[PDB]
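Here you'll find one protein chain in two forms, each presented separately as structure tokens under the names structure 1 and structure 2.
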Structure 1
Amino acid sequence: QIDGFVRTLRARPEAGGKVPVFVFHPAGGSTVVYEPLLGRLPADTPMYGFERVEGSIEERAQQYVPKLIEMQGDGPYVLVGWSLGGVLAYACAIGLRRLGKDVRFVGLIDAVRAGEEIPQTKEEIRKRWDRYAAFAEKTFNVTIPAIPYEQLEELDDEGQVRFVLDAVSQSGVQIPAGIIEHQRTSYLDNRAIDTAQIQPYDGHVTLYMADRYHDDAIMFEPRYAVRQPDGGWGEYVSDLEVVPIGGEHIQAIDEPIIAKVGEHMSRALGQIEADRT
């Protein structure tokens, strides 16, 4: 059921059968979140979930792609993810196509890029932590002292959030490790998107688009308040389909909105199975 970073949501038959759907975890979550989607897909569709690994987006895909090939060979590949999971799916599509594999569906469940690019600069690191501190002051009724910008700006995102958490750890009650680890890894996983080197993809991508990001996403990064019509994928994907699903980002993975996603995705899978036969 769990084998390394691969979760079996529905096992494929011993031989033959329908093409598996490979799903990729969202930041701060596991691939159990795809069970409602699975319920809306055709009967006997296999599904395997890829859980968290370390590195840049590209380095994560360098770990996932060999495992995909061990499981599915030349293809066909169906790759799906919500949020960070969609960026991971896309990176895997890129890696598989480089190896000449047959990728037939890439489904991004509201994996919508920030509407304005996030600068990778010292000034932006200063502005970012200034904003976070302001929100902390209000939320926790404290004043925040001078921020050590020089220390933060030479660290990558993981180093930054680790630095801040370690400063918090110096005083007060000890915070349970599970909470610290969840917050650290969620933060870094979401930030990994910002430094991704997105490559052009020559196949069809389906972007299931919600109406907006939820408030917590925009508190994390204000540039998520703006969405472009192509969700930031049009420059990389000539064969791009957008499927509006309404609601907020955080709702896209759940009933009832996931029924819209599943109805559309079922038709796409149906066509892939028909073409095989």
Structure 2
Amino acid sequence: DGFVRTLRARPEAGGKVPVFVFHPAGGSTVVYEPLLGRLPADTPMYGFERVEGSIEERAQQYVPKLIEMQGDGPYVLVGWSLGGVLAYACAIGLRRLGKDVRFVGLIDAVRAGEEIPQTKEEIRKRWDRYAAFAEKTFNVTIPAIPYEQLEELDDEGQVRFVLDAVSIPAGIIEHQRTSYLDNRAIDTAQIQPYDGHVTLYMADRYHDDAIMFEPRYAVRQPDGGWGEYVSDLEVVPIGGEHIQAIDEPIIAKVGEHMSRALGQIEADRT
């Protein structure tokens, strides 16, 4: 219904605390089905799908829905990839409104090892990189990039400008557009500090295609970039690559750890 997917519905009344999961870059919350199978029986789960805007603007849409569904709390918020950033943003908004947030789970939602500057120089370097790949892939020499026109466009306007040159089945255009926009959303996220507990499940590395797009993701800090914003930070190493973190077998380890946290939350209510 709308942007909320029901993965496992909560009972008519009572029951366990729901897990709210948030979509990853370029995908939907169906990716959380393996995690769900590794959580306690009868754990409700609701997935928040894509909405438009900056991270804060998206959280402004999610947070009223979170409160409509769960009221005062307790809130358990989880996400892989972009979803981790969205969950974190929702935790800050809920906490601001005095709601009880008991768990924020970031599944390999790791910041770039060096801050990604949001400057005209970086816009130029980014698009020079993209053009070079376009030339080796589509086997076409590409002329001078109109830097002045690009540098005054939002990310959404930049892809519109790109679709023009191209002039693709609508389905392929929608997937590339939303994946590009969701990834840029990760790049430009401005993280605010959070004073609750955050659990970061950390893989060993980003995938090669990710690193080719933005080489700053080739390096990971021990705290995944979150320690300066989060004082109460716990990191759970899971190994492997980012893309595998959401799936079996690695998700079993995320799920075992998260199940224990949920059990404690349940005991603290009871």
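For clarity, a rigid core is taken as the largest C-alpha set superposing within 1.5 Å between two forms. For residue numbers, the reference is structure 1: its sequence is counted from 1.
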Subject >> Backbone CA shift between structures 1 and 2, residue 267, after core fitting (angstrom) >> reply: 0.3
Original post:
After superposition on the rigid core, what is the displacement of the C-alpha atom of residue 144 between structures 1 and 2, in Å?
Top reply: 1.6
Subject >> C-alpha positional change at residue 194 between structures 1 and 2 - rigid core reference, Å >> reply: 2.6
